[PDB]
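Participant: Any chance you could fold what I've pasted below:
(one chain, ligands or ions: 3)
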Amino acid sequence: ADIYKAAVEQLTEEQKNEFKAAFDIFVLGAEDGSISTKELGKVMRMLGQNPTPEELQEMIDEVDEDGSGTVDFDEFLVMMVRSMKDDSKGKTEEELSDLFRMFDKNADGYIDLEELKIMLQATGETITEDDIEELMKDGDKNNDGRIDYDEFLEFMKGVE
Ligand SMILES: [Ca+2]
Ligand SMILES: [Ca+2]
Ligand SMILES: [Ca+2]
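Facilitator: Residues are numbered from 1 along each chain as shown. Ligands and ions are numbered 1, 2, ... in the order given. There you are, the coordinates:
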């Protein structure tokens, strides 16, 4: 499915208008109708970002499907999807507990293999029970079939 568009499609009218407008105001010095790290650098400090010049080039090269440093009306709205949510917000001992009660398909306090297979599908491709079969085995601190908030803590802290 979509990755960035899904995060921008939720933006607020005040965001698209300010973004779509800023670009049309910062591209005035552009040449192909876009703003690369050289032109998008003035749009970030004006909006609400304090990225550096060394990381900037890396930010685009990572989200850019061609790794060039340029960003148009699309690459732009995509530069806020990675700087707002997804791989950025906090994530430590709390992110592990929430993910458990948020993926418990059986919703019974624990999770079995049939449930873990769905949790990875929400964040992984289509694997077979063969690969997800060893994940639940080593993820079980006591090898019982169900995984609670305690055993799950280790299963995610390290396994392969
Ligand atoms: Ca590009
Ligand atoms: Ca369960
Ligand atoms: Ca267990």
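Participant: The lengthiest helix in the chain - contacts with which helices or strands?
Facilitator: Secondary structure of the chain per DSSP state H: the longest helix is helix 13-26. Judged by 3 or more CB pairs under 8 Å, 6 or more residues apart in numbering; DSSP states H and E, helix 13-26 is in contact with helix 40-47, helix 73-79. From N, CA and C alone the C-beta is placed, and that goes for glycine too.
Participant: Go through those and pick out the most buried.
Facilitator: helix 73-79 (a mean of 20; mean count of other CB atoms under 10 Å).
Participant: Touching stretch 106-121 from outside, list them.
Facilitator: Outside stretch 106-121, the residues that touch it by CB atoms under 8 Å, 6 or more residues apart in numbering are 99-100, 103-105, 127, 129, 132-133, 135-136, 139, 145-148, 152.
Participant: Which of those residues are buried, as a PyMOL select command?
Facilitator: This is the PyMOL syntax for the buried subset of the contacts of stretch 106-121, where burial follows 16 or more other CB atoms under 10 Å:
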select buried, resi 99+100+103+104+132+135+136+139+146+147+152
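Participant: about what we covered before: which among the helices and strands packed on helix 13-26 is found nearest to ligand 1?
Facilitator: helix 73-79 (5.3 Å; CB to the ion).
Participant: Please save the CA atoms from that closest one in PDB.
Facilitator: Provided in PDB are the C-alpha atoms of helix 73-79 (Å, rounded to 0.1, in the frame of the first residue of the first chain):
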ATOM      1  CA  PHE A  73       5.100  18.800  -4.200                       C
ATOM      2  CA  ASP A  74       5.300  15.100  -3.400                       C
ATOM      3  CA  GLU A  75       8.800  14.600  -1.900                       C
ATOM      4  CA  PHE A  76       7.900  17.600   0.200                       C
ATOM      5  CA  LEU A  77       4.800  16.200   1.900                       C
ATOM      6  CA  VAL A  78       6.900  13.100   2.300                       C
ATOM      7  CA  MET A  79       9.600  14.900   4.200                       C
END
